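Protein chains in written order, with the deposited numbering: chain A, 1833 to 2069; chain B, 1 to 152, 170 to 317.
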Amino acid sequence: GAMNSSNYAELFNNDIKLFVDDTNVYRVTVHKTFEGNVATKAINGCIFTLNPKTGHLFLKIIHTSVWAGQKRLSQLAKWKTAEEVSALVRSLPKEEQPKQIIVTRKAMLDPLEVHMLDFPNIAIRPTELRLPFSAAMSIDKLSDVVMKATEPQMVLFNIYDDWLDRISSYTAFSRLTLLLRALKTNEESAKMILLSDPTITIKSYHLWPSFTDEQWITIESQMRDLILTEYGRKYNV
Amino acid sequence: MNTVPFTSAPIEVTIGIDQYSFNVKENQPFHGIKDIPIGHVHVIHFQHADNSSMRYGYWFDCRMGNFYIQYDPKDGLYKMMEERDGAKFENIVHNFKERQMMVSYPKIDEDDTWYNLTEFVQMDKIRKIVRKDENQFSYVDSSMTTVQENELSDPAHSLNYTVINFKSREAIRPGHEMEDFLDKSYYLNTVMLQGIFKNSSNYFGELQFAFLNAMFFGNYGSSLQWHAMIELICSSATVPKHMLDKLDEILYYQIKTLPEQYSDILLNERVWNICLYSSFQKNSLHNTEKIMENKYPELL
Ligand SMILES: CC[C@H]1CCCCN1C(=O)CSCC#N
């Protein structure tokens, strides 16, 4: 069934599963034509396919050429996403294929279900959680590789850097979702918190800074404050 | 004109013949139904006055033999049987006509309703959906399940309708995933019409039989099958113009004959709002759209 606060720990059990988010697949700037009409111009996007237990991120870059001469692109994007996720699964060894795929938006269910008909035993599930994965393009190295791509490309990351050497998957996912929720609600302030102290760096092979355990507690607290604030600023509380 | 007679009516029952029905009291002197139009299938159906659980009945074609009904006190139902002796049957039948113990199949001559509801329904196709080959006629009741229902339990008693499944390998060509899911023309035209049904007449015969079983017996699986067959056409961009015209007439007479008080249950909102207003054929069902709007604007 659907994934929610009640069955939340199921994410970190030993059944392989992937989250699929499609909110950055079809990206456009909306601008004016010389005639004063409005036109869109696409930019590169990406599918965000994430193993929440291991941190492994399959970032499929969606190059603007895929949209050339196509109609109803918002609908196409969902089917393109499902085609690429199906292709990913087929590329994995059998023992690496997921038993469940959880889509972050319910409109991906039928597209993915239809592309996965060859995999009757892989459950396609929605979720009632409002996950902040749209903010993945606020992570500088992920945004840089998408915008620079000149062709379709799959890039692999561990979205948890080396955190699993010191914390559990549950704690790592909570940290990730807090960071992403902050970047989503006020990207500029979130980035200021992360990169303020000149002494803490991002390793070349990592996405986030090299915080000690104590610094991570301070960072996490500062991110909570930002989120509550904006919730006040937004709601006037 | 042909006759489906009865040995007697030992229990109070409402007896239907096609779209007609009459009440018969316990041990009332009822010996059957005469003047039944030759040329069409028919259905004779029953609802006991004391246990409205189980509507049941029999599809038959008077051309395929002489068929009568006797109440079985052990199994508790009116059973159809096929006599193999002529003369005695006609002589008792003459006598039955002579004592005027029979109701007349009461067809208004202006009225084409039954033809229009059974236009493509043939006993041969009924007998393949309802498997019981030692009888020329076919029993159906409210509770029988379909093959597809059983997949998701007694096979001998199943309705073997053609399985339609829009998220299935049969329906979706590898590499045309989006194309085939949003435009079912290849499932309709190549898979089902050319491949399984062979022609649109056999497609329409099954659609019509499914509707009739849903209406007369409350058969839930038949209602699902009726709507699935409609949806496959309404969700295809490419349908022969003659099928679209005929489908409009088919559905018109089904919606016309449906009791007004049964619309809540036998009609599926999603299928009809898609077929009439959102689908490829939203503009090709003028007569069906007109009666649904004047008779069931609530559902829409
Ligand atoms: C259906 C009316 C006739 C002819 C068909 C076979 C059985 N019939 C009966 O009436 C059953 S008691 C009279 C005797 N025998």
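Virtual Cβ for every residue (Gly too), placed ideally from N, Cα, C.
CB-CB length for residue i against residue j, believed under 8 Å
| i | j | result |
| --- | --- | --- |
| B/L249 | B/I181 | 6 Å |
| A/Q1929 | A/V1935 | Not really, about 17 Å apart at Cβ, beyond 8 Å. |
| B/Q70 | B/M54 | Rounded, the Cβ-Cβ distance is 18 Å, inconsistent with contact. |
| A/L2039 | A/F1989 | 7 Å |
| A/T1865 | A/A1874 | That pair is no contact at about 15 Å. |
| B/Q47 | B/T14 | 5 Å |
| B/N51 | B/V140 | Not a contact, Cβ separation roughly 18 Å. |
| B/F234 | B/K263 | The Cβ separation is near 25 Å, so there is no contact. |
| A/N1836 | A/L1961 | 6 Å |
| A/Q2047 | A/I2034 | That belief does not hold up - the Cβ atoms of A/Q2047 and A/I2034 are roughly 13 Å apart, past 8 Å. |
| A/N1869 | A/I1893 | Actually they do not touch by this definition, with Cβ atoms about 30 Å apart. |
| A/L2012 | A/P1958 | Contact doesn't hold; Cβ gap of about 19 Å is too wide. |
| A/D1854 | A/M1940 | 6 Å |
| B/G238 | B/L176 | 6 Å |
| A/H1947 | B/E194 | 5 Å |
| A/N1856 | A/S1966 | 6 Å |
| A/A2014 | A/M2055 | 4 Å |
Cross-chain neighbours of residue i in chain A, by beta carbon under 9 Å
| i | result |
| --- | --- |
| B/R186 | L1949, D1950 |
Through-space distance from residue j to residue i, alpha-carbon basis
| i | j | result |
| --- | --- | --- |
| B/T207 | A/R1937 | 33 Å |
| B/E134 | B/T146 | 21 Å |
| B/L199 | B/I189 | 10 Å |
| B/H174 | B/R131 | 8 Å |
| A/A1955 | B/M246 | 28 Å |
| B/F89 | B/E83 | 8 Å |
| B/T113 | B/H244 | 21 Å |
| A/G1887 | A/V1978 | 19 Å |
| B/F297 | B/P5 | 48 Å |
| A/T2003 | A/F1890 | 21 Å |
| A/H1895 | A/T1982 | 7 Å |
| B/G39 | B/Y279 | 29 Å |
| B/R127 | A/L1882 | 53 Å |
| A/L1949 | A/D2057 | 45 Å |
| B/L152 | A/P1943 | 22 Å |
| B/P314 | B/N285 | 13 Å |
| B/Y105 | B/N311 | 30 Å |
| A/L1996 | A/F1951 | 31 Å |
| B/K74 | B/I11 | 13 Å |
| B/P257 | B/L205 | 11 Å |
| A/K2016 | B/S185 | 39 Å |
| B/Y56 | B/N236 | 10 Å |
| A/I1848 | A/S1918 | 15 Å |
| B/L268 | B/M123 | 21 Å |
| B/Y78 | B/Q28 | 15 Å |
| B/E277 | B/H303 | 20 Å |
| B/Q211 | B/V121 | 19 Å |
| A/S2006 | A/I2059 | 14 Å |
| B/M144 | B/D171 | 9 Å |
*Anything in the segment 1939 to 1957 of chain A with a Cβ closer than 9 Å to a Cβ of chain B? List those residues in chain order, please.*
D1942, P1943, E1945, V1946, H1947, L1949, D1950
Complete runs of the alpha helix (DSSP H) confined to the segment 237 to 266 of chain B [at least 4 residues]: 237 to 251
Residues within the segment 186 to 204 of chain B neighbouring chain A, beta-carbon criterion of under 7 Å:
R186, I189, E194, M195, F198
- Which residues, taken in chain order from the segment 1897 to 1919 of chain A, show a beta carbon closer than 9 Å to some beta carbon of chain B? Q1907, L1908, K1910, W1911, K1912, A1914, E1915, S1918
Worksheet item: Considering only residues of the segment 55 to 141 of chain B, which uninterrupted alpha helix (DSSP H) runs meet the minimum length of 4 residues and lie entirely inside it, listed in chain order?
Response: 86 to 98, 113 to 118, 123 to 129
Uninterrupted alpha helix (DSSP H) stretches inside the segment 1943 to 1974 of chain A (no shorter than 4 residues): none
task = Please specify which runs of the alpha helix (DSSP H), each continuous and at least 4 residues long, are wholly inside the segment 260 to 314 of chain B, giving them in chain order.
result = 280 to 283, 286 to 290, 303 to 312
* To do: Scan the segment 1897 to 1925 of chain A and note each continuous beta strand (DSSP E) run of 3 residues or more that stays entirely inside, going in chain order.
  => none
Can you list the beta strand (DSSP E) stretches of 3 or more residues lying completely in the segment 1835 to 1867 of chain A, in chain order? 1849 to 1853, 1859 to 1864
Item to check | Start-end ranges of the alpha helix (DSSP H) lying completely within the segment 1992 to 2047 of chain A, minimum 4 residues | outcome: 2001 to 2017, 2019 to 2027
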